[PDB]
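Here is the structure we will look at, set down as C-alpha cells.
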Amino acid sequence: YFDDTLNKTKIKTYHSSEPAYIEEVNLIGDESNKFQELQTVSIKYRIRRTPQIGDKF
Amino acid sequence: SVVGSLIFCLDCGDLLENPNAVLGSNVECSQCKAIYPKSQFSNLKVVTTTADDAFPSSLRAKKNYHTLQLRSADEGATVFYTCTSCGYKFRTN
Amino acid sequence: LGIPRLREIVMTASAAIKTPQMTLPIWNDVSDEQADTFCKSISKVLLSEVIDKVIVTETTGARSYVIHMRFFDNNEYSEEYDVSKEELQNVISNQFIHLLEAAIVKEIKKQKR
Amino acid sequence: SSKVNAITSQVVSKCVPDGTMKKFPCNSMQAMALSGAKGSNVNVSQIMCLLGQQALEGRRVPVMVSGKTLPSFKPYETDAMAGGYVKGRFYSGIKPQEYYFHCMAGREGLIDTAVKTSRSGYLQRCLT
Amino acid sequence: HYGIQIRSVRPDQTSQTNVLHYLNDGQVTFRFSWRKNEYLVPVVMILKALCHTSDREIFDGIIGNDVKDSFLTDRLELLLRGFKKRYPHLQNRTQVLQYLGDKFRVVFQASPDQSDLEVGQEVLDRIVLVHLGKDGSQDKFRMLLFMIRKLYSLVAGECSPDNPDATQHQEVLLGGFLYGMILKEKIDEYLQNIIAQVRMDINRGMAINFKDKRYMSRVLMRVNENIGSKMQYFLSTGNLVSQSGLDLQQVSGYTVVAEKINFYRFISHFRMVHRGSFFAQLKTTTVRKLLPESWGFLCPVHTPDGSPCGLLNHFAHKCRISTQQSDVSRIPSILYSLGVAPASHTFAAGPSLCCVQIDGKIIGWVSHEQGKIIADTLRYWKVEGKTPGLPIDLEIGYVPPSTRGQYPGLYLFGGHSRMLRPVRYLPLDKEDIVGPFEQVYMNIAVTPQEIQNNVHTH
Amino acid sequence: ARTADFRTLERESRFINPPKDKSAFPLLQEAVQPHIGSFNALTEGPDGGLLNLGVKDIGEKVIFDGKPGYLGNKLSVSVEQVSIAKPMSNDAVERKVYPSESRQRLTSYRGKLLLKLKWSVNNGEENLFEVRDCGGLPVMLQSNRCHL
Amino acid sequence: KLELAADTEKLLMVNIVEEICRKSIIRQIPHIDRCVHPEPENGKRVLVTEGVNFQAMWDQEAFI
Amino acid sequence: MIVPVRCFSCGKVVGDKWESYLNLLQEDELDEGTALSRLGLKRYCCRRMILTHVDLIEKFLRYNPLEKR
DNA sequence: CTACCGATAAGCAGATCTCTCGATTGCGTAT
RNA sequence: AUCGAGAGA
Ligand SMILES: [Zn+2]
Ligand SMILES: [Zn+2]
C-alpha cells in the first residue's frame, strides 16, 4: 500500500516461520452506501502438513 | 377449638393467646374480640418423645408376562403375556 | 495418611492433629480379657449411650416438664460400658440436671430478646 | 467385596496358566506379564479370566434412592453383578451394565490421577 | 442446615428461586433475591399475604389428620406464635400486603402512584412461586403449605435430602431460552433507560410534555438502543452483563466457539451439557462422579480428561430435550376421573397421601396404592395414543412411599428443558418416553433376553 | 446376509447430486434439535412466542412530571410486540444476506430487532405508538429467522 | 418433674435435652475418646487410644 | 477425495481402477469382493484401497467459483 | 475494690509443568 | 497488558 501520510510505498510481511502458499485472496468492500476504496482484503495460506517424525497418530 | 397446646376460636379460626399469659377468666381473640372463660382448659398435656436416632450408641446398634393394575383396585389385574418363540402377544383379564 | 498426614507433620506442625493416638504396651502377664476390660474402663462413655428414649410430658395447667428418661437394661449397659446404677444416678444428679438447667435458662434469656 | 474377590482369586489361580491355550514362553502375553517387560498378572487375568469387583471410592457401585443400582436391576437386588462384579473379560467383552460400572471406575481413576499429579506440589517447595 | 429450594420458572421461561430455611427455634424463613441482593421474610407473613386465611387454616393445611404428631404441632405452634409475637399487628391480608409494600418500595423502584397494597400485591406476584403466575394465589398458598410440610418431614428425618448433583433432579438450560431471557432483560433495561432520561429532563429542564410527539422523538434519540450490539457483545465474550442478575451462578463463559477441527468435534459441540464454571475451581469431587441416574441420558464414556472431567459430559445420542410445553390442560380432568380428590375441598396433608402435582401445581390428593394405579394407568394411556388429553412426552414422575427415603407423591411434568429418551413399553410393545425423575423407580431391562416376569415394564 | 455394508453406489450418487426433497440422515438434525427448537420457540409457538411473553410480563414503568393528590401527568412506557426479521441488506429494495456472505465478510450474521414502544400518558388519554430498530440481533443458523 | 414460670414462652425441651444428653459424660478420662485393642502385630500386644494424655496413663502401671 | 494412484502398502497402481470398479458394481450385480477380484486386486492391501475409497471430490466439485450457479 | 493476665468466640492473611485462541469503560456535554 | 474458553505430558 502507498501511504499519503508517509509519501512512500510500504509492504507487509509474512510473519511465520513455516512457509505456505497463497490459497485465495478475498476483496471485501465495506457495506456503507458510499463507494470507498479497497480497505479490507483477506488472504488465506495453505500449509503442507506431510506426516513427519514427532506428530501423533 | 383446642388441639394439643394451641387453642383456636370457634368462629374466627384464630390462634388464641397463651391461657396463662392473659388476665384471669378472660382471653381475647385478636380478631373476634370474643370471650373465652378460662374454664375447660385444665390440662394442656403435650407428650413428646426423643428422635429415636439422636443417640448413636453401640447398644443402639445391637438392639414373558407382566401383571398390571390399570383402572382401580376393584377391577382385576390384567396380565400382558408375550410369547418369545413367535412374538404373538395377548392380554388376559 | 499420605499428603494430609505429611501436611500435619512437616508442613504446619499442628498441635491438634485430626487423629491423635498414643500406643500403650501391655505387660505380658495381662490376659487379653483383662486388656479388653481395661480398654472399656478407659474409653469414654457419654450419657446418651445408655439412653433408650426420653419422654417429655409438658403441661401448662406454671409451665412444667416431666422429663422421663429410659435406659437400657442394666445387665446390658453395665456389661457394654462398665457403668452401674450408682454412677448413673450420680452423673444424672450432678452434671446432667445442672446442664439441663443451664440450657433452659439460656434459652429463656434468648427468647426475651 | 471380600467374598467376590475370593471367587475372582479362585478363578484366576485355577485358569492361569493351566487353562491357557498358548503357553509360556510362546505366549507373549504371559511372557510380558512374568518377565516384567509390561503389564502384570492382574492385567492378564482381566483380559483372560474376568474383570472382578469394580471398586468405587473404596466401595462398590453407588445405589440410587430407590434401592436400584441401575435401571436394569430390581430394587435391593442381592446379586454380585448388580453391585459391580464384572464376570467378563476384555477378550470376550462385557455386558452393558458391567460396561457402565467399569466406566464409573475408570472415571474415578482418571479423576484421582489428575488430582494426585499435583496434590503434592506445595510440600516440596515448602521443604526446599 | 435443612431447607427447601424450588426453582420456579415464569411462562416466558425466566427463573425465580424461593428457599425455605429452617431455624432451630421453630420458625421458618422465606428467602428470595430481587436484584443481586438477598432478602429474608417470615413464611407466615407471605402465607397470610397470599390469601385471606386464618391461623386454623394454616394449621389444618400444614397438618393433615396427624394432629398427634407432637413434632409437627410444636413446630407449628412455635411458628404461628412467633409471627404473632414479632408482628402483633397485621391481622388481615390487606395489612400484611401494606406492610410488605412499605418494606419493598425503593428496592422495586415502585412509582409514587403505586399504593402500598398494590406494591405488596406486586411483590407477591413477582416473587413467591412465580410459575403459578398471577391470579394463582390459592395455588401458591397450597404449594407453600406443601413445602412447609415437606420441610418439617425433612427435619423429622422422614425424608431424604434430594441430591442437587444427581441427574434425577436436573434439567438443561437450552441456550436459546437463555437468549430470550437476556433479550427480555435488555429491553427491560431499555425501558428503564428511557424513564431515567425523562427523569433527567424533569430534573434539568422544565420543558416537558408527555403528549408531544416531538418531545418523545427527541428524548428517544438521547437513549441507547443497541440491544443488538449488546447481544453481539454477549455472544462474543460470554460475559452475562446483567444489572439484575439471572437465577444463574456464573457470570462469564456462557458461549463457546464452535471449533471446526473435524465433524466429530463439531457435532459433539452441540451435544455437550456443562455443570458450570463454579465446580472447576473446587476440591469436592462428588459432583464429578458417574451416577446411575444418567443411564440413557448422559454418556458414560464421552467426558474429557483433566480439569473438566465429570463436568463437561455429553448426552446419549437418543436423548431428546423438550423445547415446547405439552398440552396439559385436560390432564387434571382425566385425573379426577381416576380417583384423585380435588385439591380445593379435600383438606389433606402429610406424607401419607399421594400429592398429585402437575408442573409444580397441586392437583389433588389420593392414597399411595391408588397413586400407583393412577401412574400405571397414565403410562398405559400415554403409550396407547387413544386418549387425546395425554401427550406421549408426559413425564409421570411417581415416587412411592418408603422408609425414610424420598418424599412420596405423583409428580407429573411437562414443559420445556426436560430430558427424554425413547424406551420400549413392554405391554402392547410400543415406544415410550421416560425422564430422569421417573426412570429411577421403573425397571428397564437392557436386552429382551433378560426380561423377568412381573418385574420389568420396559 | 451381511452384518454391515459399504453403500458405495448410493454414496457416490448422493455425492454427485444432492437430494432435492429432504436431507438424508434425519438423525444428524435431531442432534441439533435442542438448539434450533430453543431459538425457534422465542419467535413462534402458542401465545406469540417467548419474547412477546417476556415483554408482556415486564409491563410498564411510569414516571410523573410534577406539574399541578396530583403528581402531574403519567408516562407509562411499555412494549407489547417484539419482532425478529430474517437478516437483510440495503445495497432501494432490501436483499437477502446469507451466512456464506457473513463468513466471507468476516462480519456477523444478524437480523433486525423491532420493538413497538407504547408511549402512553395519563392512563390511556392518548398513546403514541412507535416501532424502532434496535441494532442487529444475531440469529442462529437453520432457525426460523434464517434464510436456510 | 421440672417447672418454670408461666410467663415464659414455649420451649422445644426435646432438642435441648438431646444436646445435653450428648454433652454430659458418664465416665471419661480427659482427652481420651476411645481405647481399643487391635490384633497383636509384630508380636507385641498394644492398645491404641484416640487422644493423647500421657500423664493420665502413667497412673495405670498395672496394665501398661 | 480422489482415488489414490498407487496402493500404499505395496505400490500396485490402483488409480486406474476406480471407474471400472464403479461400473462393475453398477452394470453387473457384482458384489465388492467379486469386483475387486475381477479387477486384478489380489492382496488385501490392494483390495482395501478401492474397497474403502470415499471419492469426496464429487462433493467438493459442486462449489465452483468460476461458473454461474 | 480494682488492675492484670489468661481464654475462648470472633475477625483476618494466604499458595495449592508447557501451549493455542478470543475479547477489551459507560455516560455527558457544550456547543 | 488483563480475563475467558480450550489443548499437551
Ligand atoms: Zn377469632
Ligand atoms: Zn497393495
Side-chain angles (χ1 to χ4, degrees), chain A residues 51 57, chain B residues 1-41 44, chain E residues 44-45 47-63 67 73 76-77 79-97 99 141 347, chain F residues 6 8, chain H residues 1-22 24-25 31-55:
Chain A
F57 291 75
Chain B
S1 62
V2 45
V3 281
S5 169
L6 300 91
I7 311 181
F8 303 103
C9 47
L10 280 311
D11 319 328
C12 176
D14 187 71
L15 180 57
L16 296 180
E17 199 65 29
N18 202 35
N20 296 340
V22 308
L23 287 318
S25 183
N26 283 317
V27 54
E28 193 172 7
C29 173
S30 182
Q31 298 181 344
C32 287
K33 322 297 288 186
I35 296 303
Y36 289 100
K38 304 317 290 174
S39 300
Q40 70 267 345
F41 289 147
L44 271 60
Chain E
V44 188
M45 184 154 69
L47 209 56
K48 292 185 176 302
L50 281 179
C51 72
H52 174 68
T53 175
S54 55
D55 287 357
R56 185 50 183 263
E57 289 290 348
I58 294 177
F59 175 84
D60 284 359
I62 304 178
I63 294 183
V67 197
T73 58
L76 232 46
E77 174 182 359
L79 181 64
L80 300 185
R81 206 144 283 170
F83 171 73
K84 188 176 303 178
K85 212 65 180 181
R86 175 58 166 83
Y87 303 100
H89 57 302
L90 311 182
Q91 284 72 13
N92 54 79
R93 54 164 283 96
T94 305
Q95 276 291 343
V96 181
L97 260 85
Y99 178 84
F141 182 78
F347 272 137
Chain F
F6 313 95
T8 313
Chain H
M1 187 189 180
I2 175 82
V3 53
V5 23
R6 262 159 154 158
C7 176
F8 298 140
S9 303
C10 69
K12 177 183 175 58
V13 170
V14 305
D16 70 330
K17 299 174 175 291
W18 174 240
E19 297 182 346
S20 51
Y21 174 64
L22 284 181
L24 293 177
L25 297 185
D31 30 2
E32 302 88 342
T34 312
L36 292 164
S37 300
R38 286 182 56 173
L39 286 172
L41 307 174
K42 301 301 189 301
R43 305 181 283 269
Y44 62 89
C45 79
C46 291
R47 300 172 73 82
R48 103 194 176 277
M49 299 288 292
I50 298 300
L51 175 67
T52 54
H53 186 53
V54 63
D55 194 61

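Note that these values count all heavy atoms, side chains included, but never hydrogens, waters or copies made by symmetry. Labels below follow one simple rule: chain letters A, B, ... track the order of the sequence lines, proteins then strands, and each chain is numbered from 1. Order of appearance sets the numbers: ligands from 1, and atoms from 1 within every ligand.
Note: angle at the Zn ion (ligand 2), from SG of H:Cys45 to SG of H:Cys10, is 110° (rounded to 10 degrees). The Zn ion (ligand 1) is the vertex of the angle joining SG of B:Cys12 and SG of B:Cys32, which measures 110° to the nearest 10°. With the Zn ion (ligand 2) as the vertex, SG (H:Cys46) and SG (H:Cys7) define an angle of 120°, rounded to 10°. If you put the vertex on the Zn ion (ligand 1), SG of B:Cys9 and SG of B:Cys29 sit 110° apart, to the nearest 10°.
Checking side-chain atoms of E:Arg93 against main-chain N and O of E:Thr53 turns up no donor-acceptor pair under 3.5 Å.
In this structure, B:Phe41 has its ring center no closer than 6.0 Å to that of B:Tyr36.
H:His53 places none of its side-chain heavy atoms less than 4.5 Å from the side chain of H:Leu22.
In this structure, E:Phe59 and B:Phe8 have tilted ring planes: the angle between them lies in the 30° to 60° band.
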